[PDB]
Structure formats: C-alpha cells, structure tokens
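The chain below stands alone and is given as structure tokens, in the form deposited in one PDB entry.
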C-alpha cells in the first residue's frame, strides 16, 4: 500500500497536480511523488529466470561505488545509496563515494554528512568546490576510492535483486572486461519501476548520439540462444558501469581535456573496444535509472557555448576516416577548436589500438555509420537540379526534394554497400506501387529498402516495386515520386562524393 512499493506508480491526485508541476521543475522529475516513496522501497526482482539459479564464484573483488551528483534531490540520492547497501552482499562493498559537484542545495551539505555517517557501509562525501564536469568528478571519486573494482552510478538510481554479483564475477573472469547492468526505467512522472530488455544494447548514430538499439541475431547465435550470458555492446550509456581500478588506469581513465558537455561515454566505448578490452551488458544485472527529458541544471558560463568539442576530440583520436560522417552532417563543426589531443594520440600509440574499421566490422557490423558505401553526399536530380532533403523529419515521414544548398547536413545521403539510401539511421522505403518514398528505421534486411543505382544510367530503381525514383509531381511538388521507369532525365540522379 505504501507509495511506490514494488515499483508501483505514484499517481498524484488532481487537487495537487498544479503544485506537482512546480515541484517538477527542480529536478525535471516528479519530486512530490519521490518524497512519498520510501528510501528503502521494495522493487521487483526483474532478472531472467535462469539468473536466479546461477551460483557465482567466491572471493569476488570488493567494489567502491562512485556516485557523482549536481543538485540531486535528497530522496533520490538517499534511495540510491540505500539501494546499493541493502541489495549488495555486505562483504562485496568496500565503500560508497558521493562526489558533490558544486551542488547548491542545503540538504546536500551538512545534513547529508550527518545522515550518511550513520550508515553501516562507509559512505564518504567528497566536494568539488568549483563546478566541474562529470568526468572530473568521477576522476576525483575514483582517485579517492579503495575498492579493486569501481562502480559508477548516477544519483537517481535503484539497484535490484542480484545486481552486483554478476558484474563482479564477469570482472574476476577477465579484468579487461567493462560491465554495465541492464538499465531499467524509473518513471520521471510516477517513479514506477519498469524492467529493461536484455535484447537492447548500445550504439550510436551519425550525430554521435548514444542510442538504444536491438540486439542483433549474431549476438544470439554467439550465445547459442542463452539470454543470461552477457551481451557485447558497441557502446555504453555511460551512467552506470563497473571497471577494475587498475585497468581503468591502464586504458587512460577519461579524456581529461574534455569539457563538461558529455561525450565521454562514446569515447570510452571506442577506446575499450579498439584497445583490446571487452564492453558488456551483463543481462543478469539490473539497475533502474530516472531517465529525464532535459537537464534540470544549466552549465556555468551562460548559453550559446561552443559544443561538440568532445565529439571532435573523440572523433579525431579514434574514428579515423569515418569521422567524416559526423562532420559532413554538422555544418561548421570543423572550425571549433578541440584543444590538445596529444596525450590521447600517444595513448592510442602505446596500446596499439586497432582501427575504427576493425570496430565497425567486428563489434558493430549493424552500425548506423556504413563501413562501406558507394556514395556520400547530396542526391541531385538531373532535370530539376534539386536535392533530396530529409527535412529533419522523423520515422515514417516523407523525404523531400528542394533546392540544393550544398551545406551538407539534412541533404546528405549515402548509397551504402548494403544498397540502402540512408540518412543517418533512416533509410528510403517504398511499400506501395507509386507510393510515397518514406524514411524508416534501417533494418539491414534489404527488401523494400533495397535500391539499385545504375552508375551509367543514373537511375535509382526501387527493387521490390521495380519503379524508378523521379522528380516531384504537380500535386505533391516538394516530394520525389516513384514511377515506372521511362528513361527520362527526370529519372536520372547524381550521387557524387562531397569532399572536405
């Protein structure tokens, strides 16, 4: 009956709705509800039947949990620390390190210390006096920690039954394995607990956004169908993961030359894979996280700050030629000073890390960036001199045809080796004779996403419909058509490579 016990949603009665919304602005989640929920509330056991029978070796390495926070709410922070204390075998926890990144909250100062000193696990509170990024706060917290494994968690998380033993067992099996739990969803509206799927892992798109993506078939075949064995994830979300401390040091920790705007998750994923380690989602380990739609904090220095510094650093250090897929869709990013990456290039040199192509081929063959392609650039009609343009539209919407601006971005397409017409993680799709040319999630299963570009006839033939791409019609003038092939110059297209 207690609010939220067992992951139950907390619905606020309408009498209070208004006040709730105001309280909602502080953390960009329902604070009114979180404060009704017990700091030790019960949650469901969400592990796959088959993880519950697993017996893990003894002498597993103790872990230090590093939780960094900036203006976290009292209830969420304390629920996180209680969730790790109460749901972790006591002998497997060295300590909890709470890193206060220059928080401006009364309860996060002396009250936090008074409360935490009364816990049965040693919980330390380290203070960044200057607003520092998550990178810097985590480096501080790890430098202070003593446990052989370092577990990073956000300050609005809730561990579940049996979350820790799988991670520590995987690390003891191989110290060069970096492990992430399955990140369950804790509703920012009701704080309802919802389990995440073991069939979803981490990748990225041409924009260098971290993205959730379906676990592909090869990964089920490798495990011969056993979902309880860890998944090799191309990328990590970044909020939650564990790593042996000495190996964390050996791979170069985080890029200390990065600013506060994020990106380290992709950088460290690329670094771990290319430099000889393994990154895994441990499917028997679950930990919930309050995903939010926007951040509740600003970053120091106002707005309009130069962003994509860290994306440039990671791309220039690790991504090789493929960095272009980012640069070409981001007009102007090539003039942002990304500082000094010398130590990072030298680290790549020391460890003889493999090329990004090896990563795309072996770790992420289902990548959104194509490892091989026939063209990257604009798709121009011979007759009307216009270019296809995704118009920033989302899945299931029509691709447009407009005047070529030559600035790249939303008029960039790639005729890939899989013979897709792709723009980031969308592919041109036709599912009806004369139908509209829509943009759907690329599925790597050809079919209606299969096109033939004749390099001499310059025709773009949709294979399953057997119709050619053609200029817009009078009734739908801002959209290309697909029509029985005619040999016209309106059905010819230039798919050239744009360079620097």
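Take the two forms, superpose them, and find the largest set of C-alpha atoms that agree within 1.5 Å; that set is the rigid core. Numbering follows the first chain given and starts at 1.
This next part talks about the form deposited in another entry, which is not shown.
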property: Entry of 78, 404, 229, 128 that shows, once the rigid core is matched between the shown form and the other one, a C-alpha shift of 2 Å or more; result: 404
property: Core-aligned C-alpha movement of residue 238 between the shown form and the other one reaching 2 Å; result: no
property: Core-aligned C-alpha movement of residue 265 between the shown form and the other one reaching 2 Å; result: yes
property: Cα-Cα shift for residue 127 and residue 263, closer or farther in that other deposited form, minimum 3 Å; result: closer
property: Inter-Cα distance between residue 124 and residue 263 in that other deposited form, nearer or further [3 Å or more]; result: closer
